[PDB]
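Chains as they are written, first to last, in the entry's author numbering: chain A, 3 to 393; chain B, 3 to 391. Backbone N, C-alpha and C fix where the C-beta goes; we use that ideal spot for every residue, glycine too.
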């Protein structure tokens, strides 16, 4: 299987490469997570909140003008319509329910651009649970609306002033925090990253996407599988959910779009699958962009959501084994695709999602091909970028 | 009976108070709109787009922390989750579907704060149809993000410099364009305002809200009606939609929240039901805020979306007959309610919708009351205002 194996690995990638201090809390999570996620109590509450609070199922929308342009049937999986405007809310809802079932009361997370921090604070408001979000001080400074939303939602935002004051430092303080609070604290990881069981956990939470796609395609096409699944990747969570229930069925082609930034040869890029080497990042053995001194490098993308140096182990494995095609989509290609979707379907996509849309230009589709592309988010949050880069 | 009568009136209110130029285009719409709206072909495409493009049905969400706070069961009808972030998309989808079944190919609309202009441009992009939005130049200057959105969506934004250079003037110019274009043009009005049949048409399009509430209450509560419907009003479309299927059921109390601004006695207000006089606005007989010289006033609210001098005739009638309770909610009250919902439920409401939320402090609830409150929009667009408070 291309899902996780019984040891926490996706082929050679993944596992739990963690200091001894994390051994106990990660082991404890490993023991709990599947028992709770498979339980009917959990499934019932998760489904109810996903329906009433998030608004699931997200529609599967036949984009008729896009379909005309690319000469095939293109459905858009509309995660952009979720409460909070992206798929991250599926994961924060799932993990807060897990946390509660583990008897945890204090919820912590880190955030870079602010989206995961908002998704985390959102569910902590819902649940009336103490919420602390760690955020690199440089990230804090230039993400003031997200900081303000977190604070409105009643979370405490902790500016992280250690190291370079970036996402890496915030991640480090969050992990330290969790480790030091084995009694009461649960750490909500933001993507399909981190030590086992977090990658599998987050993929399972996001698998609601492909669960729905199966039902929706059956109703609309009379078959339960598309010819292509297309998603953007940062850490890999919306892609993991999109492909989860199709991951071993090679009839369904997988196209992953990563952030090329200014171009894979430009030195300002986030194309981890194309350019990364093996490394350990946040306890996971995976591909990581490293500089000539072996140091975890500084990625660049127009989209903050995709400018992570690592990739989830799932996708490293999919790419190596050639189960998925991976494209490095550049900033200009993503912007062009965002403006195109806006004009053709009246949907303003997230800049992340726009990388996936740009992939449509790169693949020669057949007229009977059925493509499902995950519109991971809406583009309201990106409007300042869109106004600056327009025309 | 509280819905439109056979002549376009709601008691004495409504009708079509128009010059001769308009008579042709308005009569045409009056004669044809309802048979299209009621037709299976229309209903099938409307439902398909509402499901797959907008994400309907919008959930009915039991807000447990809000419910515990006010001592009863408060369901939020989640129009905030729709594509575009509000209920206006229900109206633009419905009306462009009508326009197409009428053979019209050029689409025009007015907008104030920009939300209707966005919702119109949105569906014209989908449908690949020419779109022109009239917008007061003051509003163009106040709403740079919405203007740029409309342009990204393919629409032409026409700055209107007549009158006060705001919503009433843009409405005036849209109407005037329409009348000059008998061949090819359909005018998507943005609220339950204007000449018959626009009030009734928009209310019917928005009635999907209450059609859903019925099924959703049946499933959740066993009965299909609440004790209260609570909604905010500008022109009155989300409210009309919310009440449409309940409007003659006296068991259902209706509470409409209007924008008090800095207070009804402040000089800076938008509380049309409380302060308006009978008069004509945009070919509709209704309540209209007027200066002492009898001209249409510039309203004020912290929420730009409630900058309506007039109100839909439906609501003038509901208020005069005491079928609805009407509350004038001040800026402060709306702001506190927005912060309250954000903290209690993790939902950042539109400032328009926050006026309905603030009505929760004002109503004496019984423990076994079931309230449905229409969360007309999300509040992403309002974060710069919330930051300041």
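Under the DSSP assignment, residue 188 of chain A falls in the beta strand (DSSP E) whose first and last residues are 187-189. Contact of residue 150 of chain B with chain A is assigned, a C-beta pair being separated by under 8 Å. Comparing alpha-carbon positions, the option among B/373, B/19, B/99 lying closest to residue 219 of chain B turns out to be B/373. Residue 103 of chain A: member of the alpha helix (DSSP H) spanning 90-103, first to last residue.
Cβ contact annotation for residue 181 of chain B (same chain, cutoff 7 Å, sequence separation greater than five): 23, 24, 27, in chain order.
At a cut-off of 8 Å between C-beta atoms, residue 107 of chain A does not count as an interface residue with respect to chain B. Residue-level contact by beta carbon holds for residue 147 of chain A and chain B, with a gap shorter than 8 Å.
In the three-state scheme derived from DSSP, where H, G and I count as helix and E and B as strand, residue 108 of chain B is classed as strand. Counting along the chain, no beta strand (DSSP E) covers residue 35 of chain B; the unbroken alpha helix (DSSP H) around it starts and ends at 22-39. Across the set A/50, A/275, A/347, A/310, the C-alpha of A/347 shows the shortest separation from the C-alpha of residue 130 of chain B. Close to chain A, meaning a Cβ-Cβ distance shorter than 9 Å, are the following residues of the region 372-388 of chain B: 380, 382, 383, 385, 386, 388. Taking C-alpha positions only, residue 68 of chain B is separated from residue 76 of chain B by approximately 7 Å.
In the displayed model, residue 166 of chain A falls within coil according to three-state DSSP, outside both helix and strand. Residue 142 of chain A: member of the alpha helix (DSSP H) spanning 139-143, first to last residue. Residue 102 of chain A has a beta carbon lying at 8 Å or more from every beta carbon in chain B. Residue contact with chain A for residue 270 of chain B: absent (no Cβ-Cβ distance below 8 Å to any residue of chain A).
Nearest CB-CB separation between residue 118 of chain B and chain A: not below the 8 Å threshold. The Cβ neighbour count for residue 73 of chain A, taken over all protein chains shown within 10 Å, is under 16; the residue is labelled exposed.
Around residue 320 of chain B, no beta-carbon contact reaches into chain A at under 8 Å, the shortest distance being about 30 Å. Under the 8 Å criterion on CB atoms, residue 89 of chain A is classed as non-interfacial with respect to chain B. Burial of residue 58 of chain A is indicated by the presence of at least 16 other C-beta atoms within 10 angstroms of its C-beta. Secondary structure of residue 65 of chain B (DSSP, three-state): coil.
By the Cβ criterion, the region 374-390 of chain B is in contact with the region 85-93 of chain B, since at least three pairs of Cβ atoms, one from each stretch, lie closer than 8 Å. Under DSSP, residue 331 of chain B shares a beta bridge with B/261. For residue 186 of chain B, the number of other beta carbons within 10 angstroms of its own is below 16, and it is reported as exposed. Shown in chain order are the members of the region 341-352 of chain B whose Cβ falls below 8 Å from a Cβ of chain A: 341, 344, 345, 346, 347, 348, 349, 350. In the DSSP assignment, residue 155 of chain B falls outside any beta strand (DSSP E) and carries neither an H nor an E. Contact between the region 333-347 of chain A and the region 357-367 of chain A is present, with at least three C-beta pairs closer than 8 Å. The beta carbon of residue 274 of chain A does not come within 8 Å of any beta carbon belonging to chain B, so the residue lies off that interface.
DSSP links residue 372 of chain B through a beta bridge to B/75. With a cutoff of 8 Å on beta-carbon distance, residue 237 of chain B and residue 314 of chain B are scored as near each other. Burial of residue 228 of chain A is indicated by the presence of at least 16 other C-beta atoms within 10 angstroms of its C-beta.
Residues 171, 174, 175 of the same chain have their beta carbon placed closer than 8 Å to that of residue 164 of chain B, with the five preceding and five following residues left out of the count.
Per DSSP, the unbroken alpha helix (DSSP H) holding residue 388 of chain A starts and ends at 385-391. As the crow flies, the alpha-carbon of residue 5 of chain B is around 29 Å from that of residue 363 of chain B. Taking 8 Å as the cut-off, the Cβ atoms of residue 330 of chain B and residue 379 of chain B do not count as close.
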